[PDB]
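Comments concern the structure below.
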Amino acid sequence: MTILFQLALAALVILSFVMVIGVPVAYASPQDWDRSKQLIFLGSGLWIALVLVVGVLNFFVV
Amino acid sequence: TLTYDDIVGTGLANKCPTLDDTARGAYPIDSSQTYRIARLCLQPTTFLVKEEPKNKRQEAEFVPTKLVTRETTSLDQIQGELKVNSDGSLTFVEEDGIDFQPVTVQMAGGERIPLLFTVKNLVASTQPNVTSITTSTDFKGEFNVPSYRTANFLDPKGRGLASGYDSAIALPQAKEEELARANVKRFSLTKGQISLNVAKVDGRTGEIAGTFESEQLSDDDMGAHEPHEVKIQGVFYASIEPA
Amino acid sequence: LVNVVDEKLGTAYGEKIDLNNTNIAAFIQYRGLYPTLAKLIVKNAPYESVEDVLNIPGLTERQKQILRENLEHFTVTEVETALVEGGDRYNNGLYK
Amino acid sequence: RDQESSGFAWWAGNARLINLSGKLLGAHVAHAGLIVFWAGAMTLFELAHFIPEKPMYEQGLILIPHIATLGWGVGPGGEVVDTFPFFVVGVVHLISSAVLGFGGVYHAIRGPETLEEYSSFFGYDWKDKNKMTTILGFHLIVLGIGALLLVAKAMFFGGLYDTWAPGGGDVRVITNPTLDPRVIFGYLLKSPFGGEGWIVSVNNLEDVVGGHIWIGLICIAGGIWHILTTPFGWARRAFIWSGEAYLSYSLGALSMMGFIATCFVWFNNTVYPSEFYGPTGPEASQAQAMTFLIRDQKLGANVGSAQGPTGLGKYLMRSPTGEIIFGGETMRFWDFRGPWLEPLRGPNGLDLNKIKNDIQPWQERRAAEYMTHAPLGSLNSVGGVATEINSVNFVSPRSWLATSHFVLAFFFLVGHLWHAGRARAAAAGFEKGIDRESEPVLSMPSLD
Amino acid sequence: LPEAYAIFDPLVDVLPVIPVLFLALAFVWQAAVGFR
Amino acid sequence: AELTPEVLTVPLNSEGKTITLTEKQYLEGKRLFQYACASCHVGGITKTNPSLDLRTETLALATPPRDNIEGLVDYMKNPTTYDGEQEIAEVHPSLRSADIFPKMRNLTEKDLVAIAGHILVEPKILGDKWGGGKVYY
Amino acid sequence: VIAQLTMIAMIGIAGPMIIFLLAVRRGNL
Amino acid sequence: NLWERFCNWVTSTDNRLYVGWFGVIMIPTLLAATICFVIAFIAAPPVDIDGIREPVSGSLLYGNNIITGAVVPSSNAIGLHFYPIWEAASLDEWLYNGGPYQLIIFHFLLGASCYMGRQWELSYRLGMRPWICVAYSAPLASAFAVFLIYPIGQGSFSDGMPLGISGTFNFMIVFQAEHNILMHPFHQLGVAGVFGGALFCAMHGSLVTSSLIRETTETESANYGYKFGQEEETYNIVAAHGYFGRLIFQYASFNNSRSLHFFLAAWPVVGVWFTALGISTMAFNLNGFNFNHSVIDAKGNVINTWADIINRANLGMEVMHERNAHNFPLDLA
Ligand code: CLA
Ligand code: CLA
Ligand code: CLA
Ligand code: CLA
Ligand code: CLA
Ligand code: HEC
Ligand SMILES: CC1=C(/C=C/C(C)=C/C=C/C(C)=C/C=C/C=C(C)/C=C/C=C(C)/C=C/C2=C(C)CCCC2(C)C)C(C)(C)CCC1
Ligand SMILES: CC1=C(/C=C/C(C)=C/C=C/C(C)=C/C=C/C=C(C)/C=C/C=C(C)/C=C/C2=C(C)CCCC2(C)C)C(C)(C)CCC1
Ligand SMILES: CC1=C(/C=C/C(C)=C/C=C/C(C)=C/C=C/C=C(C)/C=C/C=C(C)/C=C/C2=C(C)CCCC2(C)C)C(C)(C)CCC1
Ligand code: OEX
Ligand SMILES: [Cl-]
Ligand SMILES: [Cl-]
Ligand SMILES: [Fe+3]
């Protein structure tokens, strides 16, 4: 249980750090970005999942 | 009946409890029981200050004054011993309670007269043979009037009794012999006379009430000047219960 | 015109603990006096002599033994009004 | 997005967003994100440094006492029984900041520059009196709902922390909220001076819950009103209708609310429980007089007849209206009311007999505790007066909260003056200086 | 904090300062464009 | 001058036994003092009762004597008045009343010794300053 | 203990890094 | 109608002294405060400020001069209670308990607040820019701090600054003892505000005086070289810039007059703002830095600094101020 909880929590932090830098760069980006609302939609939907996952796996570890 | 929140800010807190006009009864005094005054209250309504007539032959007059310290003048929750002297006369020996209030009154001309309205160490007695306390019972007795300020009080130049300077340090080389009365503080202690006349009695509850008239000296400012003779008039309340 | 407090420092008051005048916080200078015995002494004041403190009603035998051991640290002078009024014996307005 | 085209310098660059609804929307939502972010990050911070057995006001906490007042994670006496509700509040606020932060950035640097021709519903014009009152109405309803959330919390979901609870402070469900307008609006008509204290003097949760019920319905009804209506004639001629003008109106409001909050946390010990925020100024001072009355009475002192250096009672004296109060310099604080002192309060104030016989050890503990935790501290957090030596690391939360929100309130008053003055000048057409060639004064008759 | 979240204790002690960095970030971006 | 083993050598009991605390024992011996004592006992005095200080000479004349480690540890467990006639646990922080004084709950037996030692070491350092008051600030 | 300092490092540089990336990419700054 | 005619005269830009709607409130409140102040400063009987029945003389007729004279603050027994004339049993009582002080500061603060708003008003009636009132908010804030905010935090109007020269000093000395205001950054910013203000005042004054274009002769004042209402400047800003730009270095000097005068306005107003907030925040006992016994040697001995010497001074003020008012070891109010 803890095996999945901390992984999903550590990945949530790492993903966020990518999103924190990635999202504003992708927006202010002239060319190069049909490329990237996929990855915006990628991380976003994946971010919400991890939040719920860690939120659910919280009651099983504490 | 009434709570603190009903009375707060009204001025009723400075007023002594009153008895209804129905209370013209009598309270039996048993010789084999021991009695106490559970609560004594004194509410002054008039401060008369004996002015000082010039210097010739005049009869000293008590002139009216004006209170300037607001409604902070009453003595309350005073308790003590109500003794039954075998002659029948009663005797109240004051023990504890808010038995003092600093009061400042202002005479015509602007002169303010500070005094310590008090009944500390009061021993008031009645007429011989009192089987019951009626609407004719009156208490006569004496009390101690301590100094208005206590020994730790410092004047504007830092002089005092148990503390402070003992000279005028603003005048290093001045002749101290003329400022002796101002440099040397003195703790005063005089007697005061008071008459407690009962006009209302509730024999059931043991509550008595009426008017009083006390005479005492005012502040002498650690002996810096002469005190004024003050006459305080007002109403009182007292509850009597067996020990 | 004499300062009564200064004048009292020229007596035993300035030397030992006056049972009729000295503040109650002075009974801390010696063992087993504060605050139980200290309260009793000041409450049953004044005394004609020092050894009258042994006659306080309700004293246990150990208490009267402690009092005897500190009779040498006690004294009795005339009651000074300026030192007893205002409840100064229980709080004279001095701390640290 | 430069000075030559917008007319504003870089130090006033946010004033370029006046007529750009799109980017301005992103700015406010992003700033909102910053707010919810701090509300969560600080909570997690406070919880991380939190020590259960050690008092809240000794650990420099401001957010946890707020949650605790709502009844979460606390029990009898304000003791912490579960730190988990603190964690949830911190996490939920924090995660939400990412959501507001996402749209805040989107609406700002890639959302439509203007909302007016993306949508007629979201797009607006500052001078459209109908559109503004409508938006005002919507947000009025949102505020009304939030007030009912507090009511729902207090009446349906656990309740609030009642410091006036019988047997000691505890979490209590409010079942009978005060609906009487003579009480609710009675507060609003109270004097702001001593003994009264305006709305700050609210001392029971019943008046609080019942109060938020009133303001809840009022905002909703008012919200519906401004949505269905349009500004009357007398209102159209009185105000300035522009973006900066509306901002100044809100700056004056927040400035006033800032000053009100400053007085609440400093005087009120009901909505700001002393068990969480520490004793108030008046409270601590009254506790010292309480502490030494008890100590001296144990030594055999008659505190009722104890005369002080000035002639006034050393422990007990009278208020100007006659109420029996604590003596000394604390005579100024005789309007203080606290659950640890009221048991000794009678019809005429402090009852000397209750004082002599009925004082309990828990009252003595609380008095000494609040005396030694008076809201007096240096900037570098050294507890006590300025002359105190370094040892105790303490500054009361009340001091931090009162000082911070006074600085903010005053500056926002300056903000009101700045932005309102310019709003007047701009709407009149001389905010950029006097036209050299229609100088109004030169057309005026001389003063002498 | 719960013992499961004791991992991010150093991270928690940093988060509150982040909003202030946004104020400083505005100056970086403005310096980057040369304060237009 | 420096914190020497001769300074950190404090009386242990009522019979002349002695112990020497380490420097670290003294350091957190002060932290714990600032944790649960300094609010009332800052500088060696007593804000809620200035008549009694934490001076060695005062503790010695206390009943029972508190001028040693075991004397102070016993006081932190079961506190009494200056003559020892009454027990004041209900108004003074102790292990006996750790329920109403929650900061006494997690104090180990070892922690009380460090607290007791700090009270004995400080006057050997600050002299009359310890328990002196604002006069010696 | 200096995990302290590692957090403020990545977090603190996260801001300016975006500006640097948008500069070398010549983005909409 | 005669209502708009009244509104026309009130907002008239042709009155010798502009009234305005703010002035409608300003004039009576200032006149009420001034009249009462002048009367009280001369003839008012002693006032029991500390509420300990120890009256303090403040008026001239009762033994004061201009320096020692003061309108003494209201009693501590009153505290923050609103105490108008009709709340006293007599004027004799009203004077004894520091009545006049409350009437003055209340009518004043209101009149002074309207004075600020009045400044905006005339500026709006004249087509000016309106931020003059903003510069006035700094001394106004300072007035609110020592008359209102500090009494609120401390819980008594007796702790408000007395209306007197010596009384002001008394306020300053006691403040330092209990707050260590000197060691507070906001007062330090304030000192930097007024020191810097005086400097920049003398600076801008001397640089413009030095650049005055010769239009007058040896036997007449240079001031007559400027005629009121002229269109051209009376000095050489280029010559001024080249002087000051060489006194230090070029880029440390202002070439823009508008940017120059803004700095002249910004520096003192901001500085006074902080010292105003300083008093306002120290009203809630957030005091200046406490570095007492901060330096310790290896053994544990206290190595004193200048802060420790400052502390010894504060102790002297503390144990002497209001020598009969305190009954308990800690000064909380
Ligand atoms: C709700 C609040 C609010 C809002 C939305 C606005 C909005 C606006 N203001 Mg206004 N203003 C406000 C409050 C507000 N103001 C307040 C309270 C004051 C009084 C202090 C002012 C004073 C003011 C002035 C003087 C001016 C504006 C102007 C403006 C415009 C441009 C702002 C800009 O680009 O700033 C840019 C932002 C900065 C340069 C950053 C300033 C940072 C300050 C100086 C220090 C902050 C320190 C921090 C709190 C603590 C330390 C942090 C760290 C160092 C440790 C814009 C219309 C301008 C205008 O008139 O436009 C038409 C203008 O000249 N405002
Ligand atoms: C509360 C702070 C705040 C906010 C929300 C805004 C918001 C805004 N400002 Mg303003 N500004 C501020 C403070 C703020 N400003 C201050 C303090 C100053 C003084 C230095 C200025 C000076 C200023 C100027 C001079 C201008 C603006 C302009 C703008 C707008 C366009 C910005 C732009 O295109 O940047 C482009 C920048 C980038 C593309 C770089 C990246 C920016 C993003 C937002 C970084 C996000 C980081 C974050 C961690 C991402 C998280 C993502 C996800 C995980 C949630 C925008 C609505 C402009 C305007 O009005 O245009 C019409 C303009 O000219 N501002
Ligand atoms: C409402 C604001 C507020 C308040 C009342 C508090 C109160 C508190 N905080 Mg918190 N804090 C806040 C905001 C606030 N904080 C914010 C916004 C942040 C994010 C940076 C933090 C981050 C933070 C941390 C990290 C910590 C605290 C802690 C504390 C405690 C001690 C504070 C201290 O010692 O400061 C020190 C005092 C100063 C640094 C003085 C700053 C003075 C400023 C610059 C004045 C500015 C005035 C004005 C804006 C100027 C405008 C000028 C312009 C107009 C020209 C205390 C309970 C500590 C604690 O004990 O936590 C448990 C702790 O560790 N806070
Ligand atoms: C202040 C709030 C606010 C407002 C007024 C707008 C307004 C707008 N947004 Mg934006 N947006 C916001 C916040 C806001 N947004 C936030 C926080 C995010 C991040 C999640 C986004 C993300 C976003 C995107 C990605 C897009 C927009 C777009 C739009 C436009 C169309 C919106 C629409 O059709 O909604 C329809 C919505 C509904 C019919 C129902 C919404 C219900 C919400 C989600 C919850 C309601 C419950 C309650 C209010 C929640 C409160 C939460 C909290 C505050 C307590 C419009 C200009 C679009 C645009 O401009 O396209 C060109 C677009 O693509 N927004
Ligand atoms: C956020 C709150 C808010 C805001 C910004 C507005 C804004 C507006 N409302 Mg709305 N309104 C609100 C809430 C709000 N309202 C709510 C909740 C209700 C329901 C009760 C109403 C009911 C309402 C009505 C019935 C009317 C408005 C009207 C107006 C407009 C003119 C307001 C005006 O002239 O005020 C200034 C008010 C005055 C000049 C009158 C004197 C006010 C005195 C001096 C206040 C003294 C306060 C005192 C100092 C402190 C408070 C304590 C105590 C005395 C109460 C304006 C568009 C008017 C309009 O044009 O509607 C189309 C109108 O007739 N509002
Ligand atoms: C940290 C947990 C503490 C230690 C260790 C001690 N105290 Fe206190 N204390 C307080 C008072 C009011 C007194 C005097 C009252 C009385 O004794 O009747 C004391 C006394 C002591 C003593 C006795 C000193 C002597 O006999 O001369 C010791 C050894 C002592 N204390 C140790 C009050 C407070 C207080 C405020 C509620 C706190 C937090 C503490 N004391 C903490 C400690
Ligand atoms: C517009 C603009 C601007 C601004 C911007 C902004 C302001 C933004 C914001 C943004 C934001 C506001 C963001 C936010 C974010 C958030 C986040 C991202 C969060 C996260 C969280 C997390 C991740 C959590 C985690 C955890 C968990 C889950 C549990 C507990 C523990 C932990 C912590 C681990 C500027 C000025 C700069 C410039 C340009 C323009
Ligand atoms: C919740 C709660 C409560 C209640 C509250 C309430 C109920 C409130 C209300 C409030 C309100 C109800 C308020 C109001 C306000 C108002 C205002 C604030 C106004 C203003 C106005 C103005 C500002 C105007 C101005 C002007 C003039 C003067 C003239 C013309 C021009 C102009 C317009 C500018 C209680 C206390 C119970 C308790 C606590 C809680
Ligand atoms: C929640 C969370 C998160 C997020 C975070 C964030 C959102 C952050 C942000 C951050 C940031 C947002 C940062 C920023 C920074 C910035 C800075 C640090 C800046 C600085 C600046 C400066 C330093 C400047 C300087 C200057 C210039 C350049 C101009 C003017 C002059 C001077 C020199 C002043 C993560 C993912 C981690 C995960 C965990 C949780
Ligand atoms: O009144 Mn005027 O000076 Ca304010 O601290 Mn507490 O109270 Mn009294 O002593 Mn310090
Ligand atoms: Cl003084
Ligand atoms: Cl006091
Ligand atoms: Fe000039």
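Ordered as shown in the structure tokens, chains take letters A, B, and onward, while each chain numbers its residues from 1 and ligands are numbered from 1 in the order shown.
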Original post:
Can you tell me which residues sit at most 12 Å away from ligand 12, counting only C-alpha atoms and all ligand atoms, written as a PyMOL selection string?
Top reply: (chain C and resi 93) or (chain D and resi 285-293+308-310+312-316+326-333) or (chain H and resi 50-52+76+322-333)
Subject >> Given 9 Å and only C-alpha atoms and all ligand atoms, residues near ligand 11 as a PyMOL selection string >> reply: chain H and resi 170-171+173-174+317-318+320-323
Original post:
Can you tell me, as JSON, numbers by chain, what residues are no more than 9 Å from region 4-10 of chain F when counting only C-alpha atoms, ignoring any on the same chain fewer than 5 positions away?
Top reply: {"F": [17, 18, 19, 20, 21, 22, 23, 26, 68, 69, 117, 118, 120, 121, 124, 125], "H": [299]}
**OP:** Give the residues close to ligand 7, within 7 Å, counting only C-alpha atoms and all ligand atoms; write them as a PyMOL selection string.
**Re:** (chain A and resi 9+12-13+16+20+51+54) or (chain D and resi 26-27+30-31+33-34+37+91+94-95+97-98+100-102+104-105+108) or (chain E and resi 5+8+12+22-23+25-26+29)
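In this comparison, which uses only C-alpha atoms, the residue of C:1, C:94, C:9, C:79 approaching chain B most closely is C:1.
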**OP:** Find the spatial neighbours of residue 37 (chain C), counting only C-alpha atoms, within a cut-off of 9 Å - ignore same-chain residues fewer than 4 positions away - and output them as a list in words.
**Re:** residues 27, 32, 33, 41, 42, 59, 63 and 67 of chain C; 83 of chain F
Export C-alpha atoms of the chosen residues as an mmCIF file, in the first residue's frame?
data_model
loop_
_atom_site.group_PDB
_atom_site.id
_atom_site.type_symbol
_atom_site.label_atom_id
_atom_site.label_comp_id
_atom_site.auth_asym_id
_atom_site.auth_seq_id
_atom_site.Cartn_x
_atom_site.Cartn_y
_atom_site.Cartn_z
ATOM 1 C CA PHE C 27 10.114 35.455 57.075
ATOM 2 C CA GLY C 32 10.321 26.862 58.061
ATOM 3 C CA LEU C 33 8.738 30.251 58.724
ATOM 4 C CA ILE C 41 2.461 35.691 63.384
ATOM 5 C CA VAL C 42 1.264 38.739 61.441
ATOM 6 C CA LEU C 59 0.384 25.645 66.994
ATOM 7 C CA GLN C 63 5.915 24.598 64.893
ATOM 8 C CA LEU C 67 9.614 29.320 66.563
ATOM 9 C CA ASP F 83 8.082 25.309 54.543
#
**OP:** Just the residues within 12 Å of residue 24 (chain E), please, counting only C-alpha atoms, with nothing from its chain fewer than 4 positions along; format it as number ranges by chain.
**Re:** E: 17-20, 28-31; G: 12-13, 15-16
**OP:** Would you kindly return, as an NGL selection string, each protein, DNA or RNA residue with an atom no farther than 10 Å from any atom of residue 97 (chain F), considering only C-alpha atoms and excluding same-chain residues fewer than 5 positions away?
**Re:** :F and (76-79 or 88-92 or 102 or 104-105)
Output N, CA and C atoms for every residue in that selection, as a PDB file, in the first residue's frame.
ATOM      1  N   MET F  76       9.929  19.081  41.151  1.00  0.00           N
ATOM      2  CA  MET F  76       9.287  19.039  39.843  1.00  0.00           C
ATOM      3  C   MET F  76       8.297  17.885  39.742  1.00  0.00           C
ATOM      4  N   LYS F  77       8.399  16.937  40.668  1.00  0.00           N
ATOM      5  CA  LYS F  77       7.442  15.841  40.746  1.00  0.00           C
ATOM      6  C   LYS F  77       6.312  16.198  41.703  1.00  0.00           C
ATOM      7  N   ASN F  78       6.680  16.593  42.917  1.00  0.00           N
ATOM      8  CA  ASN F  78       5.707  17.001  43.923  1.00  0.00           C
ATOM      9  C   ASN F  78       6.119  18.309  44.596  1.00  0.00           C
ATOM     10  N   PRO F  79       5.676  19.443  44.034  1.00  0.00           N
ATOM     11  CA  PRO F  79       6.033  20.775  44.534  1.00  0.00           C
ATOM     12  C   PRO F  79       5.305  21.144  45.822  1.00  0.00           C
ATOM     13  N   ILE F  88       1.499  22.120  46.424  1.00  0.00           N
ATOM     14  CA  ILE F  88       0.942  23.089  45.486  1.00  0.00           C
ATOM     15  C   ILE F  88       0.985  22.605  44.038  1.00  0.00           C
ATOM     16  N   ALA F  89       0.783  21.307  43.840  1.00  0.00           N
ATOM     17  CA  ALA F  89       0.799  20.727  42.503  1.00  0.00           C
ATOM     18  C   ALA F  89      -0.341  21.268  41.644  1.00  0.00           C
ATOM     19  N   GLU F  90      -1.416  21.701  42.294  1.00  0.00           N
ATOM     20  CA  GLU F  90      -2.596  22.175  41.581  1.00  0.00           C
ATOM     21  C   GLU F  90      -2.419  23.587  41.022  1.00  0.00           C
ATOM     22  N   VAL F  91      -1.307  24.234  41.358  1.00  0.00           N
ATOM     23  CA  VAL F  91      -1.039  25.586  40.876  1.00  0.00           C
ATOM     24  C   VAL F  91       0.401  25.750  40.397  1.00  0.00           C
ATOM     25  N   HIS F  92       1.162  24.662  40.434  1.00  0.00           N
ATOM     26  CA  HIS F  92       2.535  24.673  39.945  1.00  0.00           C
ATOM     27  C   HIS F  92       2.775  23.472  39.039  1.00  0.00           C
ATOM     28  N   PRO F 102       0.305  20.494  30.539  1.00  0.00           N
ATOM     29  CA  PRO F 102       0.654  19.559  29.461  1.00  0.00           C
ATOM     30  C   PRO F 102       2.127  19.570  29.040  1.00  0.00           C
ATOM     31  N   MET F 104       4.561  19.336  30.995  1.00  0.00           N
ATOM     32  CA  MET F 104       5.289  18.511  31.952  1.00  0.00           C
ATOM     33  C   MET F 104       5.134  17.028  31.619  1.00  0.00           C
ATOM     34  N   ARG F 105       4.278  16.727  30.646  1.00  0.00           N
ATOM     35  CA  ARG F 105       3.949  15.346  30.305  1.00  0.00           C
ATOM     36  C   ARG F 105       5.123  14.577  29.700  1.00  0.00           C
TER      37      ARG F 105
END
